[PDB]
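Peer 1: This structure is in structure tokens; I'll ask about it shortly.
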6 protein chains.
Amino acid sequence: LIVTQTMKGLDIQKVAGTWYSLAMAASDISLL
Amino acid sequence: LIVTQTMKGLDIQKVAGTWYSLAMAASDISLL
Amino acid sequence: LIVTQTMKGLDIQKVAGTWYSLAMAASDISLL
Amino acid sequence: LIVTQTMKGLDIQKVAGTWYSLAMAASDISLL
Amino acid sequence: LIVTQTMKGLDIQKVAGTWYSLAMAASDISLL
Amino acid sequence: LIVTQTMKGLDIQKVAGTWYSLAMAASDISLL
């Protein structure tokens, strides 16, 4: 398993809330 | 398992809330 | 397990709240 | 002549160019 | 002549260029 | 001539360029 996540040139504003993650990677992921 | 997360040129403003993580990586991840 | 998280050129302002982590990595991660 | 210009809650981003004025008021105005 | 210009809660980012004025008021104004 | 310019709660970032004025007021103004 190979994960390559690249982000370039991002503009985030007024994102009031519960922002968990911009980029996420794992072997196993579960949201309840 | 290989994880490569790169971020370049980011502008975050007025993100009032509960920002957990910009970049996240793990073997196992669970959100309840 | 290899984790490589790089961040370059970041501008964060007015992020009043409960900012936990910009970059996170672990073997196991759970949020309740 | 009465001018009342109010602005509340504004979000301006990536406005690269020649932004002259957000709010303008005058007796006389000419653009060549 | 009365001019009342109020601004509240403004978020300006990445406005690279030749930003002249946010709020402008005059008796006479000409742009060549 | 009365001019009342008020600004409250401003967030300006990454405004690289030739920012002339945030708030401007005059009797006469000309741009060549």
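Residue numbers start at 1 in each chain; chains themselves are named A, B, ... in the order of the structure tokens; ligands are numbered from 1 in the order shown.
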Name all residues at most 12 Å from residue 31 of chain C (count only C-alpha atoms; drop same-chain ones fewer than 3 positions away) and give them as an MDAnalysis selection string.
Peer 2: (chainID A and resid 20 29:32) or (chainID B and resid 20:21 28:32) or (chainID C and resid 20 28)
Peer 1: Include N, CA and C atoms and write out the residues we just selected as a JSON list (two decimals), in the first residue's frame.
Peer 2:
[["chain", "number", "residue", "atom", "x", "y", "z"],
["A", 20, "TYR", "N", -12.39, 18.11, 10.33],
["A", 20, "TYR", "CA", -11.61, 17.02, 10.89],
["A", 20, "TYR", "C", -10.22, 16.96, 10.28],
["A", 29, "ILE", "N", -10.33, 2.76, 8.03],
["A", 29, "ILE", "CA", -10.99, 4.03, 8.48],
["A", 29, "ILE", "C", -12.50, 3.78, 8.60],
["A", 30, "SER", "N", -13.08, 4.11, 9.76],
["A", 30, "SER", "CA", -14.53, 3.91, 9.99],
["A", 30, "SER", "C", -15.11, 5.14, 10.72],
["A", 31, "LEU", "N", -16.22, 5.68, 10.20],
["A", 31, "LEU", "CA", -16.87, 6.86, 10.82],
["A", 31, "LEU", "C", -18.29, 6.48, 11.28],
["A", 32, "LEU", "N", -18.56, 6.60, 12.58],
["A", 32, "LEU", "CA", -19.89, 6.25, 13.14],
["A", 32, "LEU", "C", -20.59, 7.54, 13.61],
["B", 20, "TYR", "N", -9.51, 19.63, 13.85],
["B", 20, "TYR", "CA", -8.76, 18.53, 14.44],
["B", 20, "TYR", "C", -7.37, 18.42, 13.85],
["B", 21, "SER", "N", -7.29, 18.22, 12.54],
["B", 21, "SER", "CA", -6.01, 17.94, 11.91],
["B", 21, "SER", "C", -6.05, 18.42, 10.48],
["B", 28, "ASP", "N", -4.66, 2.54, 11.74],
["B", 28, "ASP", "CA", -6.13, 2.42, 12.00],
["B", 28, "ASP", "C", -6.67, 3.76, 12.50],
["B", 29, "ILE", "N", -7.83, 4.18, 11.99],
["B", 29, "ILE", "CA", -8.46, 5.47, 12.40],
["B", 29, "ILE", "C", -9.98, 5.27, 12.51],
["B", 30, "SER", "N", -10.56, 5.64, 13.66],
["B", 30, "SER", "CA", -12.02, 5.49, 13.88],
["B", 30, "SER", "C", -12.58, 6.75, 14.56],
["B", 31, "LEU", "N", -13.67, 7.30, 14.02],
["B", 31, "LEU", "CA", -14.29, 8.52, 14.60],
["B", 31, "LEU", "C", -15.72, 8.19, 15.05],
["B", 32, "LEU", "N", -16.00, 8.35, 16.35],
["B", 32, "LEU", "CA", -17.35, 8.06, 16.91],
["B", 32, "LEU", "C", -18.02, 9.37, 17.33],
["C", 20, "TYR", "N", -6.61, 21.17, 17.36],
["C", 20, "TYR", "CA", -5.90, 20.07, 17.99],
["C", 20, "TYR", "C", -4.50, 19.90, 17.42],
["C", 28, "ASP", "N", -2.20, 3.90, 15.76],
["C", 28, "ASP", "CA", -3.67, 3.83, 16.01],
["C", 28, "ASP", "C", -4.18, 5.20, 16.47]]
Peer 1: Got a sec: who's within 9 Å of residue 4 of chain F, counting only C-alpha atoms, leaving out chain neighbours fewer than 3 positions off, as a CSV table (one decimal) with C-alpha atoms, in the first residue's frame?
Peer 2:
chain,number,residue,atom,x,y,z
E,2,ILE,CA,-22.6,63.8,3.8
E,3,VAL,CA,-20.7,60.5,3.4
E,4,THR,CA,-20.9,57.7,6.0
E,5,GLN,CA,-19.0,54.6,5.0
E,6,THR,CA,-18.8,51.8,7.6
Peer 1: Set the distance at 7 Å and use only C-alpha atoms: which residues neighbour residue 8 of chain D once local chain neighbours fewer than 2 positions away are removed? I'd like the list as a PyMOL selection string.
Peer 2: (chain D and resi 6+10) or (chain E and resi 7-9)
Peer 1: Chain E residues within 10 Å of chain B, counting only C-alpha atoms: which ones, as a PyMOL selection string?
Peer 2: chain E and resi 11-14
Peer 1: Would you write out those residues with N, CA and C atoms, as a tab-separated table (two decimals), in the first residue's frame?
Peer 2:
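File written: out_24.tsv
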chain	number	residue	atom	x	y	z
E	11	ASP	N	-12.79	40.09	5.47
E	11	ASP	CA	-11.70	39.08	5.33
E	11	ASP	C	-11.14	39.16	3.90
E	12	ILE	N	-9.98	39.81	3.73
E	12	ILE	CA	-9.37	39.94	2.42
E	12	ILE	C	-8.06	39.18	2.43
E	13	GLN	N	-7.87	38.30	1.45
E	13	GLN	CA	-6.64	37.47	1.36
E	13	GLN	C	-6.28	37.24	-0.11
E	14	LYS	N	-4.98	37.03	-0.39
E	14	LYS	CA	-4.48	36.78	-1.76
E	14	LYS	C	-5.06	37.83	-2.72
Peer 1: What's the 7 Å shell around residue 16 of chain E, counting only C-alpha atoms, without same-chain residues fewer than 4 positions away, as JSON, numbers by chain?
Peer 2: {"D": [16], "F": [15, 16, 17]}
Peer 1: Quick one: DSSP strand (DSSP E or B) residues in chain B, as a PyMOL selection string?
Peer 2: chain B and resi 2-13+17+23-31
Peer 1: Record the distance separating atom CA of residue 1 of chain C and atom CA of residue 23 of chain A, expressed in Å with one decimal.
Peer 2: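 For atom CA of residue 1 of chain C relative to atom CA of residue 23 of chain A, the distance reads 17.5 Å.
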Peer 1: What is the distance between atom CA of residue 24 of chain A and atom CA of residue 25 of chain C, in Å to one decimal?
Peer 2: 9.9 Å
Peer 1: Rounded to one decimal, what separation in Å do you get between atom CA of residue 18 of chain C and atom CA of residue 27 of chain A?
Peer 2: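 One can read the atom CA of residue 18 of chain C to atom CA of residue 27 of chain A distance as 27.1 Å.
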